[PDB]
Amino acid sequence: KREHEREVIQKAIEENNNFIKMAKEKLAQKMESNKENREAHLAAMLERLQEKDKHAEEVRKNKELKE
Amino acid sequence: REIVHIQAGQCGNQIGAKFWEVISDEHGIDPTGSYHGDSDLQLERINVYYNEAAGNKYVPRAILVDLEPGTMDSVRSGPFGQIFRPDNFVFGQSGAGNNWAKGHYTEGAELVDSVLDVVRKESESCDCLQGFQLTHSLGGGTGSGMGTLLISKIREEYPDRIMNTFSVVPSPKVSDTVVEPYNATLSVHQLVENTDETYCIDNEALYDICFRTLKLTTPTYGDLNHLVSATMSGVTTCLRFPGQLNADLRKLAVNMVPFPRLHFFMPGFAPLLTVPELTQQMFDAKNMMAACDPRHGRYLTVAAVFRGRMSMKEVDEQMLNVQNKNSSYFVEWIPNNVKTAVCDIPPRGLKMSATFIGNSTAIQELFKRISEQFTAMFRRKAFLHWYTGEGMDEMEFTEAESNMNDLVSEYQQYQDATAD
Amino acid sequence: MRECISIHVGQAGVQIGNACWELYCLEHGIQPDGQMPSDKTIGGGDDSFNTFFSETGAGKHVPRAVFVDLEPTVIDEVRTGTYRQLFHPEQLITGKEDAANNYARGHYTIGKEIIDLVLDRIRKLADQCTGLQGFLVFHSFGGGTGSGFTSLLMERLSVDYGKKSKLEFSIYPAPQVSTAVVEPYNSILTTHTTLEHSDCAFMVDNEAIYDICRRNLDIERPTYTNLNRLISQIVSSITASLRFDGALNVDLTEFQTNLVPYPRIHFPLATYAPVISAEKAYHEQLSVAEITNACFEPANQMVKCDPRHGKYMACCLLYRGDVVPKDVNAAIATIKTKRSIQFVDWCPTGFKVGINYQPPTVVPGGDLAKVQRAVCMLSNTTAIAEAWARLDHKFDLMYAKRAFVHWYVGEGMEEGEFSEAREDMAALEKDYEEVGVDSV
Ligand SMILES: Nc1nc2c(ncn2[C@@H]2O[C@H](COP(=O)(O)OP(=O)(O)OP(=O)(O)O)[C@@H](O)[C@H]2O)c(=O)[nH]1
Ligand SMILES: Nc1nc2c(ncn2[C@@H]2O[C@H](COP(=O)(O)OP(=O)(O)OP(=O)(O)O)[C@@H](O)[C@H]2O)c(=O)[nH]1
Ligand SMILES: Nc1nc(NCc2ccc3c(c2)OCO3)cc(-c2cccc3[nH]ccc23)n1
Ligand SMILES: [Ca+2]
Ligand SMILES: [Mg+2]
Ligand SMILES: [Mg+2]
């Protein structure tokens with residue numbers, strides 16, 4: 001009976017720690033994935049605007065080499 | 001918190017000045033910038049649009065831009081012309097001659113950097129900038145082309161701030177300048193991609209209001225701008241006076257824009273009383289500032305703003321009544337899509353008024369009209385040399401036309417969608 | 001000991017917090033400067049009110065509370081208002097820019113910038129406790145901060161304080177005072193993410209409170225102030241067993257044992273009586289029987305649903321004031337002989353009863369009458385699942401078109417989070433169906 005009592009209290013400790021562990025790892029995975037997605041959204045927007053500035057330069061370089 | 005205001009070109013500067021006159025009057029700010037009002041409600045959110053200078057002077061947070069000098073003179077001599085910061089005037093000499101390519105690619109590109117320097121100095125000292133509003137027309141050369149250039153450059157430096165425009169759409173009834181549909185299509189092509197919110201202010205509708213309803217036989221620019229200034233005052237009321245509501249431009253945008261491209265709004269105003277009469281009139285086609293029948297489409301979202309002292313119970317009951325009796329005009333798959341604000345402070349010269357903001361698929365009628373005029377010229381390549389001489393390809397015209405046709409098709413798609 | 005820490009999140013949470021702490025001060029005789037002349041143990045003690053208030057050597061009685069918002073204007077009103085001296089400045093925490101009604105900004109983009117400071121201030125409060133019992137968390141479902149930041153905070157609290165109990169008071173959206181189209185999205189996202197981190201949650205439907213204020217207090221157009229004063233009366237009924245002593249008093253934790261048969265089934269229905277105006281309370285003394293009867297009238301519920309078309313799993317009665325057991329027993333006998341009260345077959349039908357003798361209080365200038373006796377019923381009924389159904393349907397209508405979803409994706413969320421949350425709600429509705437079937 002005494003050994004069973006020790007197994008019960010150890011199982012309770014183990015389950016509390018496992019719940020803490022799994023919530024910590026789930027949170028960390030989410031908070032990384034969200035950062036990566038947002039930065040990729042902003043990088044695509046900036047890249048589209050820089051491609052626009054490049055096209056405006058080719059236009060002015062077209063008008064100069066017309067004359 | 002802080003909003004930065006920009007006005008570009010002749011039209012943009014005239015309506016900008018009227019806007020600043022009307023709201024300066026509402027806040028009790030005189031042309032010298034001193035407060036002489038009668039009520040603490042006037043200053044509590046004053047910083048949204050005004051800076052504080054030494055001596056408790058209030059200076060508009062406003063930047064004034066044109067390629068044509070002299071509009072600066074007319075503003076400076078206007079009644080409130082001394083109120084503006086002198087260093088905030090940025091004007092060239094050349095003009096743009098109603099040529100979008102001059103505004104966007106050549107003359108305007110040279111000046112844009114000096115415009116951005118003033119923008120940056122104003123922005124750096126904001127406690128917490130919410131974003132930007134621009135006033136311009138789409139039918140000229142400076143406001144359309146250089147304004148959309150400014151929009152693109154601002155987005156590069158403040159990609160996480162809100163960008164809002166009040167954009168005046170051309171009509172043959174007010175200007176006979178023949179190249180206007182080209183300039184409007186080219187600007188709209190930019191706007192679909194780079195703004196969060198665009199109020200379509202249509203010179204067609206303003207003319208028809210001045211002629212038929214107000215009985216003005218020969219409407220001047222002053223009469224059109226009186227309507228525009230009353231509308232713009234109405235739509236900034238909820239940010240400007242203390243009052244039940246705790247919002248910023250982003251939360252408003254989040255409430256009004258269900259799809260990123262469909263962000264072109266139809267404004268209205270009433271009267272041109274009782275709460276039922278105001279409510280009936282604000283939903284009438286004849287009170288809209290865009291020449292569109294809302295009964296030819298469906299509402300994605302609506303905001304209604306009432307001004308004056310009245311019963312809130314009665315306002316609630318009437319808004320529910322209009323929704324119940326006009327249910328077919330509201331899409332069934334966005335529940336609770338009609339929002340209401342009440343401000344106790346009436347506009348000057350009225351006891352009661354209503355301002356309307358609609359996101360309706362009937363706006364396609366506006367885009368169709370412009371599109372027709374565009375095609376009429378593009379099929380004969382008329383006047384195209386004005387633009388190719390600045391370095392532009394035909395291909396850019398083809399793409400702009402195609403994008404506006406796509407916008408139309410998308411509005412039709414969401415008009416036809418159902419729930420089952 | 002047995003202390004409790006209160007956390008008030010976003011506008012609705014903060015303003016409800018204001019109403020609750022004002023009422024607690026009136027119930028215990030604490031002045032706005034924090035002095036309590038009746039308390040003769042200076043600088044400490046283990047009186048029942050010390051579960052909610054600590055004491056300084058200078059005789060000030062200080063709420064065990066944190067207020068959090070991502071913009072400053074609501075909490076600035078607390079900093080300048082009547083009760084500004086009650087709170088230490090480190091308890092009032094604000095950022096500069098709000099979540100704009102967007103769950104994603106409150107959980108990630110803006111929320112990530114302030115979470116560590118909030119947790120450290122909470123740690124400061126926890127270190128002053130000699131036997132901390134757990135947390136009380138006040139927030140809306142519909143706002144960006146009340147939904148997303150609360151989710152984030154609950155996850156971090158489970159990490160830092162393990163299985164330590166956490167209770168919610170949750171404001172469920174209604175169109176009559178709602179301000180955003182996207183409130184159904186936020187409601188499902190937060191409910192999914194918090195479900196494993198909360199032991200018990202009391203939902204308050206704004207439509208039910210609005211109706212009750214109009215019908216019973218004759219207020220034509222109720223404000224937030226009216227609603228929050230009534231809510232605070234219900235909160236006070238629930239926490240009164242923690243804050244006062246007495247021989248017929250029954251601990252709330254002991255009710256939680258009875259209210260929660262499975263971890264996911266943890267959402268009680270609250271009903272409060274009497275809500276009556278001064279003009280009507282005059283010459284009309286309400287008996288134990290009248291108020292106990294009113295607890296089974298659906299018009300008095302905090303959430304719109306029909307318990308007559310579900311089954312009970314628990315039923316608790318919390319009385320306060322001039323109330324003796326004999327009258328309780330006679331009233332219960334009558335109600336059992338007269339009403340549609342059907343239990344599941346795996347659960348006993350006895351009602352659990354508590355009595356606290358300290359009488360109810362009202363705020364000066366209020367619309368509620370002072371009464372000699374009041375009652376709050378807490379029932380675990382399957383009918384509450386109707387509120388989930390209403391919210392899920394609105395979610396489906398918009399999500400089929402992806403309306404407004406781009407606002408969330410632009411802050412870094414994925415569509416997979418939308419569909420995972422919606423599936424978890426579907427399984428919850430199924431659980432509530434399964435618990436009401438008979439055994440075999
Ligand atoms: N409603 C209204 N429309 C105006 C006003 N002023 C000009 N417009 C319209 O603006 C269009 C022409 O654009 P402008 O503003 O004159 O062009 P711009 O920005 O000044 O550019 P440039 O004149 O080429 O240097 C015409 O269709 C006019 O009808 C005004 O005060 N009110
Ligand atoms: N009962 C009650 N509900 C409120 C109160 N204030 C706001 N609400 C409700 O809460 C919802 C809006 O959420 P808020 O608390 O205002 O938003 P928030 O947490 O500040 O989030 P953001 O402002 O978007 O950052 C709406 O359904 C309102 O009806 C209040 O004082 N009492
Ligand atoms: N989208 C949107 N809506 C507006 N008013 C309607 C509304 C009122 C109360 C609401 C609501 C919407 O949503 C919930 O509560 C104004 C604006 C605006 C645009 C440009 C410049 C501006 N300066 C101040 C305002 C503003 N933009
Ligand atoms: Ca003491
Ligand atoms: Mg000009
Ligand atoms: Mg808020």
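Each Cβ is built from the backbone N, Cα and C atoms, and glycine gets one as well.
Features reported for this protein in Swiss-Prot:
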ACT_SITE  C:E254  active site
BINDING   C:10-12, C:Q15, C:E71, C:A99, C:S140, C:143-146, C:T179, C:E183, C:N206, C:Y224, C:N228, C:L252  GTP binding site
BINDING   C:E71  Mg(2+) binding site
CROSSLNK  C:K326  ubiquitin cross-link
CROSSLNK  C:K370  ubiquitin cross-link
MOD_RES   C:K40  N6,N6,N6-trimethyllysine
MOD_RES   C:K40  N6-acetyllysine
MOD_RES   C:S48  phosphoserine
MOD_RES   C:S232  phosphoserine
MOD_RES   C:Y282  3'-nitrotyrosine
MOD_RES   C:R339  omega-N-methylarginine
MOD_RES   C:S439  phosphoserine
MOTIF     C:1-4  motif 'MREC motif'
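In this structure the alpha carbons, written CA, of C:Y282 (3'-nitrotyrosine) and C:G10 (GTP binding site) are 39 Å apart. For the modified residues C:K40, C:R339, the largest tally of other C-beta atoms within 10 A is found at C:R339. DSSP labels the residues of the motif 'MREC motif' (C:1-4) in these numbers: 0 helix, 1 strand, 3 coil.
For the pair formed by C:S140 (GTP binding site) and C:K326 (ubiquitin cross-link), distance between Cα atoms is given as 40 Å, rounded to the nearest Å.
The two recorded residues, C:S439 (phosphoserine) and the residue listed as 'active site', have Cα atoms 27 Å apart.
A distance below 8 A between C-beta atoms marks none of the recorded positions from C:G10, C:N228, C:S439 as lying next to chain B. Taken residue by residue with DSSP, C:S140 (GTP binding site) is part of a strand. In the structure as shown, the Cβ atom of C:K370 (ubiquitin cross-link) sits within 10 Å of 11 other Cβ atoms.
Within the set of binding-site residues C:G10, C:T145, C:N228, the entry lying nearest in space to C:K326 (ubiquitin cross-link) is C:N228 (CA atoms). Each of the recorded positions C:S48, C:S140, C:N228, C:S232, C:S439 was scored by the other Cβ atoms within 10 Å of its Cβ; the lowest score goes to C:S439. The number of other CB atoms found within 10 A of the CB of C:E254 (active site), across every protein chain shown, is 13. Between the recorded positions C:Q15, C:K326, the minimum number of other C-beta atoms within 10 Å of a residue's C-beta occurs at C:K326.
Residue environment of the residue listed as 'Mg(2+) binding site' contains 22 other Cβ atoms, counted within 10 Å of its Cβ in all protein chains.
Under the DSSP three-state reduction, C:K40 (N6,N6,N6-trimethyllysine) is assigned to coil, being neither helix nor strand. Here the CA atom of C:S48 (phosphoserine) lies 17 Å from the CA atom of the residue listed as 'active site'. All chains included, 10 other C-beta atoms sit within 10 angstroms of the C-beta of C:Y282 (3'-nitrotyrosine).
Cβ neighbour count for C:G10 (GTP binding site): 29 (other Cβ atoms within 10 Å of its Cβ, all protein chains included). Checking the recorded positions C:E254, C:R339, C:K370 against ligand 2, none has a C-beta less than 6 Å from an atom of that molecule. Among the listed binding-site residues, namely C:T145, C:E183, the Cβ with the most fellow Cβ atoms inside 10 Å is that of C:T145.
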